[PDB]
Amino acid sequence: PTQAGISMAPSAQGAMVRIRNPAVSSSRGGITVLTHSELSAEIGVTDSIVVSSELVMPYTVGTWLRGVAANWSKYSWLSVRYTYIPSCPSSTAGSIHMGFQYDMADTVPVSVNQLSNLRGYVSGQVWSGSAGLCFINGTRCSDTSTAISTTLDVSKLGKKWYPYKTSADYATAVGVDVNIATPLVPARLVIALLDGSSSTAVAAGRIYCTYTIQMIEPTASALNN
Amino acid sequence: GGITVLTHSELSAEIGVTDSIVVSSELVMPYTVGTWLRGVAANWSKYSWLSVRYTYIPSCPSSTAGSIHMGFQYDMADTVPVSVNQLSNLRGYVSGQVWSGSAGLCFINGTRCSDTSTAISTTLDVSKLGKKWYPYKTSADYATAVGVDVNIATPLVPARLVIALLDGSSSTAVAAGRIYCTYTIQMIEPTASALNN
Amino acid sequence: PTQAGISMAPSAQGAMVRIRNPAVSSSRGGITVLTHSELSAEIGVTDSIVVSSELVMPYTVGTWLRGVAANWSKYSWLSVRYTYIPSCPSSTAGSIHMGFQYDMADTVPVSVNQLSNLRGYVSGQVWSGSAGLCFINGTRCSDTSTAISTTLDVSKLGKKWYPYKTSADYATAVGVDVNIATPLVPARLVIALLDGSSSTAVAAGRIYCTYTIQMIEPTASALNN
Amino acid sequence: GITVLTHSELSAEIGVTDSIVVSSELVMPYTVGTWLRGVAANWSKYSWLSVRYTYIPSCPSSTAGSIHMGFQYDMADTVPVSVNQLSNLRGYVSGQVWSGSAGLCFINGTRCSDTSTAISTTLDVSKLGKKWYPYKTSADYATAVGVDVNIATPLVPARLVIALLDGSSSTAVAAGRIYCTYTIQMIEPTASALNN
Amino acid sequence: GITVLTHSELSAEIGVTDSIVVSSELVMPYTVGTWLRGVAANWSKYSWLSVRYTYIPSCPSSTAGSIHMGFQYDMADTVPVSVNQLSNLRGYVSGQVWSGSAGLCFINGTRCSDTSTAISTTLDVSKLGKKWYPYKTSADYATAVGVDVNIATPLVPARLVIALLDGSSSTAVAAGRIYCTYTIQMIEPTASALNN
Amino acid sequence: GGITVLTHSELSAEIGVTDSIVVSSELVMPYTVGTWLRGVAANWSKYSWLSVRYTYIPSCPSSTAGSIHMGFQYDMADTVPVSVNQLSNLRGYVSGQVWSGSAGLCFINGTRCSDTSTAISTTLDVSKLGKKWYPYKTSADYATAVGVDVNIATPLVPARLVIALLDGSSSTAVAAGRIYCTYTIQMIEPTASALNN
Ligand SMILES: [Ca+2]
Ligand SMILES: [Ca+2]
Ligand SMILES: [Ca+2]
Ligand SMILES: [Ca+2]
Ligand SMILES: [Ca+2]
Ligand SMILES: [Ca+2]
């Protein structure tokens, strides 16, 4: 790209991911802060729509965060980002869509339409979004206008401090009545994939999560449920 | 001073390209790095890594779907990552599209490097390894010993490279690339090749 | 490419080759120096591996050099470079490999593996290496990190001055015993091509050689064998 | 909190035959010799600072035979079986069964000028597995190596291999002896009776 | 892009008789010894930096016989046939079959003071044909020399000639061994299996 | 330092004088330069030219018609000049009347030289020769080897002196002059004379 109004579509986009070392620091007063990134999910696209969802709480966000945050009783999200990176050609048919819900009791969207309304909605070609790399690697950012990544509006959730919950116990509780979840988890990410060319799933991309959390009030890892 | 220092870069592993995730792993000891080194390093009883770097180099069309992943494990007794997720936690995680990394080439022919930010290559942190000098082991004998108990391996091999090759447009393999290893090693205390186990 | 870690694969690479006039100069003391470039070989790729080799001596290096250097008895390589240029799409399957051997008696490699060990090994996608153009045209060079080109380590060959040999006579001599070649030619380039999609060869690229030679001790062109 | 001592003692008695006979000694305090075996046991760990095996004759200038010595470090490696193989090891050394009387100087450190003939080799303390090794007993070691040899590398730094051939008989003949001259650092005391 | 190593290994075993017996060894990596033969093969060319052949006894002070050694460089020259001729070569050296136990010091480089008796000779690396020679195999060499000897000078720098006489029998008697102590520079790697 | 340096000037070749062009050639190795050197240089395995110079000296009347020519060839495999024309192309070409060159004498007796522009003498450029140290060879053995293939000679002899003696007033020979060689050589690695081939 040289002038203005002109754009060039490549045969394929390339993003070399390199995750740096976790950042931990015991800030006086009790809070221990941790900022880090992890591969959150594997993406595949079909010709018919498919809606997936993930709870945004420590145990489910990332595999490392799970084991680490378990040593503390409560926590508070400070920043949560779900960045999408493509691993296919510009010749691949398909689009992705993401957004948030906050009342686990609400129904999970069933149309790209309903989804376009949610908080922090994002949509893009299955083969793009390589621009959002700067978020995961933690480098200086350029033109992120073409990136597929969304964030949680931490500033307006039920409460500030939630309890560290384990998938197991969470499920056991939700089993009684879903509404018991509202005081356990802040929100959930919704993900839709359609506009593909095959009836059998195809390699689309992958989603990485980059978060910053505050952990408080220590407890033996084994007692935490 | 008894030490024989050699620096070389040979082919370490070929990469096939599927859609379902197959996760493999190679030990980071001379016998396995590559065939050329396997042959020379055997003439010496022990060795010490000074610098190990695995680089992925493509050999496919831009129309090839897929991504490759690399990382390290250090307690040979830990479980090999079962999901690429867990793999993204390991020290030195890196991942790119199977057709990229063209720039990494400068690590293999040892020429002047420019911008290596696009290269799919990761390095071993020799500074924080168990020992300095390790014994030269054959896969055969290693296996026999790990059969008794894996922990017996901890003082035989420094690390392990975990590789994953998920994503693909076909349910069968397609030659995608090769992982070359560029190392600098110190070999000590000679021995007849035939006796080294 | 704008930020860092991001790369874009084109539908095809383009390199416009323009060879400049030969550079000759009679430097006092007897040596006559010549620097020039020539198209050295045509490249094609299959699905099974194919190993090719070329002796690196005046008569075989280039078609012009052959006739020119013939007017001098001996010579000495100062710089020899084999640059690869692609003439196909990013959609073409295939890779190339190059390296050197020095004892014509040694066996010619049979696997990409064995070849990865040779001196000055190089490997790359059949559709790339357009970056090495700056070498052939003789322009200012940019980022040659993506180029497919290798050089002879002239600084460590059998001897400095070799005799101008003709393919014919060379062959006649090698026919007796290959080892008689070691004092006639310094080394040979090996070239491998595999990872292709057809059983029938496909247009891959072409290799250009750019050399600088010292020619000494004149002789009538007809007496030179 | 360290205790360093330097000393030399008899390590093993040698005899020569008509056929190659390969033997080996561990380079750990317990097997070097009687004296050290007993003292080193009062400490938990140790570190070699200088190890040297010197061979010294006891036969006539007329006795036929040769001796060979070298070091190995991966206890799992196969022990040599030919003079040729043994010559490839580090610190190789060979000589006539009646030669090497010059190595004596090393045993009572003095003014050693002419040590050209000395049949004596030294251990490279600098490039051993680790610095501090645990004190082990012949008994306990053997038991662990019975399970798998590789369990040994964290227990012993190396072993000295020896070969004797070119003899004049087929039944042993007094040749000489191998003495060891060491300097070791011992730490973390313990009742000698609890050391295994 | 070079790789340098220094080492010593067994080169050949010696036996003495009642009549002169002349033998010879090429001074190329493949024939020096087993170890080097196997390592040097992973590189295309090499360059000698220091070559030394040391003889070491294994018999009694009572064994009769003498040994001789020298160098030759034009592989086509006729190999000596008398102690006299062999004494004219460069680096000549002679001594009693049971002598030379002092040369040992050279094999495990140390404090060598008294090397007067040492039966050991050195190669003049500085004045060889060329600097970088190609790695050749016993097999391939022989084939080329079968055509004409002169095809050899671009393949090997020189050869060590040896003679043994003044013996007490007419049937071989264990005398000693000849070890080689080298320092070599190897370059331009190659799969060991492609080297001829 | 092992080297034995000798500098001498002896007779190298006699020149007959005809009218039809006879072109000859001598190798530039000790065994052929001259008989005296042939004898001494044989006691040493190898050697190295430091300075070789062939000079023509007359022995005829001014009434003698004719011209002599000299030059060098370096790839023993090239064809020996067939016409004096081609010969005038070779490195170090020189040519004068068979009765001149009286002044070249100063190269043979090694006295102080004055104006040597009239001397029929040419030199070998040792600086750009294949090797530094060559093997001492006998014409006999050389011939045997060149019989298999000339290229086997390239690592045995540095050059070759090509001489032509055309022009003459008679169809039969007439003693005209001699070509003397003035050399400085380094002989190394002794050997018994009888074994040197
Ligand atoms: Ca809890
Ligand atoms: Ca071993
Ligand atoms: Ca020629
Ligand atoms: Ca103990
Ligand atoms: Ca070879
Ligand atoms: Ca000769």
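Output the residues belonging to segment C:108-164 that are without any contact (Cβ under 8 Å) to a residue 12 or more places away in the chain, touching a strand residue (DSSP E or B) at 6+ places or on another chain (Cβ under 7 Å) and of a type in the set (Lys, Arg).
C:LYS156 - this is the single residue of segment C:108-164 that is without any contact (Cβ under 8 Å) to a residue 12 or more places away in the chain, touching a strand residue (DSSP E or B) at 6+ places or on another chain (Cβ under 7 Å) and of a type in the set (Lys, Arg).
Could you check segment A:103-116 and list, in sequence order, the residues that are loosely packed, with under 14 Cβ neighbours inside 10 Å and under 15 Å from A:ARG188 (Cα atoms)?
Result: A:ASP103, A:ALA105, A:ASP106, A:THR107.
Which one of C:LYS165, C:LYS160 is crowded, with 21+ Cβ neighbours inside 10 Å, part of a loop (DSSP other than H, G, I, E, B), of a type in the set (D, E, K, R) and more than 16 Å from ligand 6 (Cβ to nearest atom)? First the steps, then the outcome.
On the way: C:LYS160 fails: crowded, with 21+ Cβ neighbours inside 10 Å.
Just a single option satisfies the conditions, and that option is C:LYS165.
State whether the residues of segment C:74-82 include one that is more than 16 Å from ligand 3 (Cβ to nearest atom), under 20 Å from B:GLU10 (Cβ atoms), in contact (Cβ under 8 Å) with a residue 40 or more places away in the chain and more than 7 Å from every other protein chain (Cβ to nearest Cβ).
Scanning segment C:74-82, I find no residue that is more than 16 Å from ligand 3 (Cβ to nearest atom), under 20 Å from B:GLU10 (Cβ atoms), in contact (Cβ under 8 Å) with a residue 40 or more places away in the chain and more than 7 Å from every other protein chain (Cβ to nearest Cβ), so the answer is no.
Listed here are the residues, each with its yes/no results for (1) within 17 Å of the chain's Cα centre (by Cα); (2) in contact (Cβ under 8 Å) with a residue 12 or more places away in the chain; (3) surrounded by 19 or more Cβ atoms within 10 Å (Cβ to Cβ); (4) away from chain E (no Cβ under 14 Å).
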| site | (1), (2), (3), (4) |
| --- | --- |
| F:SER114 | no, no, no, yes |
| F:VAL126 | yes, yes, no, yes |
| F:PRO158 | yes, yes, yes, no |
| F:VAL162 | yes, yes, yes, yes |
| F:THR172 | no, yes, no, yes |
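Name the residues in segment C:118-129 that are part of a loop (DSSP other than H, G, I, E, B), over 23 Å from C:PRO186 (Cα atoms) and within 7 Å of another protein chain (Cβ to nearest Cβ), would you?
First pass over segment C:118-129, keeping only residues part of a loop (DSSP other than H, G, I, E, B): C:118, C:126-129.
Now narrow it down to the ones that are over 23 Å from C:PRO186 (Cα atoms): C:126-129.
Once the filter is applied, which keeps residues that are part of a loop (DSSP other than H, G, I, E, B), over 23 Å from C:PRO186 (Cα atoms) and within 7 Å of another protein chain (Cβ to nearest Cβ), segment C:118-129 yields only C:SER128.
Condition first: within 20 Å of D:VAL161 (Cα to Cα) and more than 16 Å from the chain's Cα centre (by Cα). Can you find one or more residues in segment D:59-68 that meet it? Explain how you work it out, then say what you get.
Here is the first cut: in segment D:59-68, the residues within 20 Å of D:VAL161 (Cα to Cα) are D:65-68.
Still in the running and more than 16 Å from the chain's Cα centre (by Cα): D:65-66.
Taking every residue of segment D:59-68 in turn, at least one turns out to be within 20 Å of D:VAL161 (Cα to Cα) and more than 16 Å from the chain's Cα centre (by Cα).
Being of a type in the set (S, T, N, Q), within 20 Å of B:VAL23 (Cα to Cα) and away from ligand 1 (no atom under 16 Å from the Cβ) narrows it down to one residue among B:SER193, B:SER117, B:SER169; which is it?
On the way: B:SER193 fails: within 20 Å of B:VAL23 (Cα to Cα); B:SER117 fails: within 20 Å of B:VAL23 (Cα to Cα).
It is B:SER169.
Residue check, F:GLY147 against (1) over 23 Å from F:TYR183 (Cβ atoms); (2) surrounded by 17 or more Cβ atoms within 10 Å (Cβ to Cβ), all met but one. Which one?
(2)
Does segment C:203-212 contain at least one residue that is in contact with a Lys or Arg (Cβ under 8 Å, 6 or more places away or on another chain) and among the aromatic types (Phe, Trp, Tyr)? Break it down stepwise before answering.
Going residue by residue through segment C:203-212, those that are in contact with a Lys or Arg (Cβ under 8 Å, 6 or more places away or on another chain) are C:209-211.
Imposing the further condition that a residue be among the aromatic types (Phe, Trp, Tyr) reduces the set to C:211.
Looking through segment C:203-212, at least one residue is in contact with a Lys or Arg (Cβ under 8 Å, 6 or more places away or on another chain) and among the aromatic types (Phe, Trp, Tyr).
Here are some conditions: (1) within 14 Å of another protein chain (Cβ to nearest Cβ); (2) in contact (Cβ under 8 Å) with a residue 40 or more places away in the chain. A:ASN71 meets all but one. Which one does it not meet?
(1)
Mind listing just one residue for me: the one in segment A:144-164 that is more than 18 Å from the chain's Cα centre (by Cα) and charged (D, E, K, R) and, of those, nearest to ligand 4 (Cβ to nearest atom)?
Going through the qualifying residues, I end up with A:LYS160.
Could you list, in sequence order, all residues of segment C:130-151 that are more than 9 Å from chain B (Cβ to nearest Cβ), surrounded by 20 or more Cβ atoms within 10 Å (Cβ to Cβ) and not in a helix (DSSP H, G or I)?
Listed by number, the list holds a single entry, C:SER149.
If you take the residues in segment C:97-117 that are hydrophobic (A, V, I, L, M, F, W, C) and in contact with a helix residue (DSSP H, G or I) (Cβ under 9 Å, 6 or more places away or on another chain), which one is nearest to the other protein chains (Cβ to nearest Cβ)? Write out each step before concluding.
To start, the set of residues in segment C:97-117 that are hydrophobic (A, V, I, L, M, F, W, C) comprises C:98, C:100, C:104-105, C:108, C:110, C:112, C:115.
From what is left, the residues that are in contact with a helix residue (DSSP H, G or I) (Cβ under 9 Å, 6 or more places away or on another chain) are C:98, C:104-105, C:108, C:110.
Values: C:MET98: 10, C:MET104: 9, C:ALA105: 5, C:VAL108: 8, C:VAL110: 8 Å.
Going through the qualifying residues, I end up with C:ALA105.
Only residues in segment E:27-51 that are facing another protein chain (nearest Cβ under 8 Å) and away from ligand 1 (no atom under 16 Å from the Cβ) count as the first member; pair them with residues that are part of a helix (DSSP H, G or I) and among the polar types (S, T, N, Q), Cβ under 6 angstrom, at least 6 apart or cross-chain, and list the lot.
Partner pairs satisfying both residue conditions: E:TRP35/D:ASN88; E:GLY38/B:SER193; E:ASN42/E:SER192.
Give just the number: which of (1) out of contact with any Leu (no Cβ under 8 Å at 6 or more places or on another chain); (2) in a helix (DSSP H, G or I); (3) within 16 Å of ligand 5 (Cβ to nearest atom) does C:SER155 not satisfy?
All conditions pass for C:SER155, except number (3).
Being among the small types (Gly, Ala, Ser) and under 16 Å from the mean Cα position of the chain (by Cα) is the filter here, so list the residues in segment F:1-15 that pass it. First the steps, then the outcome.
Here is the first cut: in segment F:1-15, the residues among the small types (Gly, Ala, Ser) are F:1-2, F:9, F:12-13.
Matches in segment F:1-15: F:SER9, F:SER12, F:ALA13.
More than 9 Å from chain E (Cβ to nearest Cβ) and within 25 Å of E:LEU128 (Cβ to Cβ): is that true of F:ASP167 in this structure?
Numbers: more than 9 Å from chain E (Cβ to nearest Cβ): yes; within 25 Å of E:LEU128 (Cβ to Cβ): no.
Criteria not met by F:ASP167.
Among the residues of segment D:156-171 satisfying the criterion of being more than 16 Å from the chain's Cα centre (by Cα) and of a type outside the set (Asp, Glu), which is surrounded by the most Cβ atoms within 10 Å (Cβ to Cβ)?
So the first thing to find is which residues in segment D:156-171 are more than 16 Å from the chain's Cα centre (by Cα), and the list is D:165-171.
Subset that is of a type outside the set (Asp, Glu): D:165, D:167-171.
Values: D:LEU165: 20, D:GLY167: 23, D:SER168: 16, D:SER169: 13, D:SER170: 9, D:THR171: 8.
That would be D:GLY167.
Which residue is surrounded by the fewest Cβ atoms within 10 Å (Cβ to Cβ), if the candidates are limited to segment B:42-64 and must be more than 14 Å from the chain's Cα centre (by Cα) and away from chain C (no Cβ under 14 Å)? Can you show your working first?
Filtering segment B:42-64 down to residues more than 14 Å from the chain's Cα centre (by Cα) leaves B:42-48, B:50, B:58-64.
Imposing the further condition that a residue be away from chain C (no Cβ under 14 Å) reduces the set to B:42-48, B:50.
Details: B:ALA42: 22, B:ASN43: 22, B:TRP44: 24, B:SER45: 24, B:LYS46: 23, B:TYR47: 22, B:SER48: 19, B:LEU50: 13.
This residue is B:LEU50.
When you check A:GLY175 against the structure, is it more than 16 Å from ligand 5 (Cβ to nearest atom) and either within 14 Å of chain B (Cβ to nearest Cβ) or in a strand (DSSP E or B) (or both), yes or no? I'd like the intermediate steps shown before the answer.
On the way: more than 16 Å from ligand 5 (Cβ to nearest atom): yes; either within 14 Å of chain B (Cβ to nearest Cβ) or in a strand (DSSP E or B) (or both): no.
For A:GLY175, the condition - more than 16 Å from ligand 5 (Cβ to nearest atom) and either within 14 Å of chain B (Cβ to nearest Cβ) or in a strand (DSSP E or B) (or both) - is not met.
None of the figures in this text is laboratory data; all of them are computed from the coordinates on show. For neighbour counting, all protein chains shown are included, and Cβ atoms are generated from backbone atoms with ideal geometry for every residue, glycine included.
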